[PDB]
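Residue numbers (our numbering): 18 to 122.
Note that the Cβ used here is the ideal one computed from N, Cα and C, for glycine as well.
Report on the following structure.
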């Protein structure tokens, strides 16, 4: 209940080992898809959340955007979680497989 210091895992501007532009920048784009002119309040929950989503390197190699959309704490119905959903669609635009329809949004 209440915590904040410099020793903690402070946010890094440069692309770390468990996260690069391909992933980071990928989010900045999605956030722009939903709305053209976003706001700080949209990044206050995105950057803060991305920090926790990075703690668990599970969507690095296999890249599971859908999994990142569920990494939310709880109070994230529509604001940051949605952004992760927009990445699940764009992912279906590469020369690999048309995929199937099973998971229900």
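Of all the options 90, 83 and 89, which has the alpha carbon lying nearest to the alpha carbon of residue 119? The shortest CA-to-CA distance from residue 119 to any of 90, 83 and 89 is the one to 83.
Status (buried if at least 16 other CB within 10 Å, exposed otherwise) for residue 21: Here residue 21 is exposed. Its C-beta has fewer than 16 other C-beta atoms within 10 Å.
Are the CB atoms of residue 102 and residue 116 within a distance shorter than 8 Å? In this structure, residue 116 keeps its C-beta atom at 8 Å or more from the C-beta atom of residue 102.
Among 112, 40, 71 and 42, nearest to residue 10 - alpha-carbon criterion: As displayed, the chain neither begins before 18 nor continues past 122, which places residue 10 out of reach and without an answer.
Taking the alpha-carbon of residue 77 as reference, which of 18, 112, 19 and 43 has the nearest alpha-carbon? Ranking the options by Cα distance to residue 77, first place goes to 43.
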